[PDB]
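Structure record follows, encoded as structure tokens.
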Amino acid sequence: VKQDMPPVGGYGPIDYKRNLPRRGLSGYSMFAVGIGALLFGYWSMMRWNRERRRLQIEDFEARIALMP
Amino acid sequence: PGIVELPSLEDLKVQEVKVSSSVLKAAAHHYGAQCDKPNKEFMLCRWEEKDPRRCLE
């Protein structure tokens with residue numbers, strides 16, 4: 001017998017495609033969810049700032065009543 | 001030139017309210033609420049005549 005290195009009856013194929021998934025969101029959906037979380041942060045920001053101004057006015061009234 | 005008028009320690013001796021910062025600050029709303037009805041007399045004295053050595057009373 002002979003003992004070279006042949007391929008055994010043929011081998012499987014190997015791909016040659018530029019395999020790209022291009023996944024992720026679109027323009028509109030990513031854009032809208034970013035602006036939506038932005039507006040959520042704005043609303044909570046507005047609420048905290050106006051309640052904070054209430055308390056800071058109370059601090060002003062403390063210094064007024066303390067002064068003379 | 002002109003001599004000054006400094007009223008001495010004859011009238012400048014009243015026992016101070018010798019409490020500290022935080023107690024006086026935290027007691028402020030009731031302090032302005034019940035009393036400090038006649039201190040606006042003092043403040044009106046002070047703004048109508050800007051000469052302390054007047055509003056000592």
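Going through the structure tokens in order, the chains are called A, B, and so on, while each chain numbers its residues from 1 and the ligands are numbered from 1 in the order shown.
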Inset, instruction - Can you list, as a VMD selection string, all residues belonging to chain A that DSSP tags as alpha helix (DSSP H)? - result: chain A and resid 27 to 66
Inset, instruction - Please provide the set of residues having any atom within 8 Å of residue 7 (chain B), restricted to only C-alpha atoms, with same-chain residues fewer than 4 positions apart removed, written as an MDAnalysis selection string. - result: chainID B and resid 11:12 53
I need the chosen residues saved as a short mmCIF file (atom, residue, chain, number, x, y, z; two decimals), in the first residue's frame, with C-alpha atoms.
```
data_model
loop_
_atom_site.label_atom_id
_atom_site.label_comp_id
_atom_site.auth_asym_id
_atom_site.auth_seq_id
_atom_site.Cartn_x
_atom_site.Cartn_y
_atom_site.Cartn_z
CA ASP B 11 -26.76 102.52 78.57
CA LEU B 12 -24.59 99.97 76.75
CA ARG B 53 -26.87 105.69 69.32
#
```
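Between CA of residue 1 (chain B) and CA of residue 13 (chain B) the interatomic distance comes to 29.6 Å.
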Which residues of chain B come within 8 Å of chain A, and for each one, what is the closest pair of atoms and their distance in Å to one decimal, counting only C-alpha atoms, sorted by chain and residue number, as a Markdown table?
```
| residue | atom | partner | partner_atom | distance |
| --- | --- | --- | --- | --- |
| B:24 | CA | A:66 | CA | 7.9 |
| B:25 | CA | A:62 | CA | 7.0 |
| B:28 | CA | A:62 | CA | 5.9 |
| B:29 | CA | A:62 | CA | 6.7 |
| B:31 | CA | A:65 | CA | 7.4 |
| B:32 | CA | A:65 | CA | 5.2 |
| B:39 | CA | A:68 | CA | 7.3 |
| B:43 | CA | A:68 | CA | 7.2 |
```
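Between residue 57 (chain B) and the residues B:30, B:21, B:3, B:14, the shortest atom-to-atom distance, using only C-alpha atoms, involves B:14.
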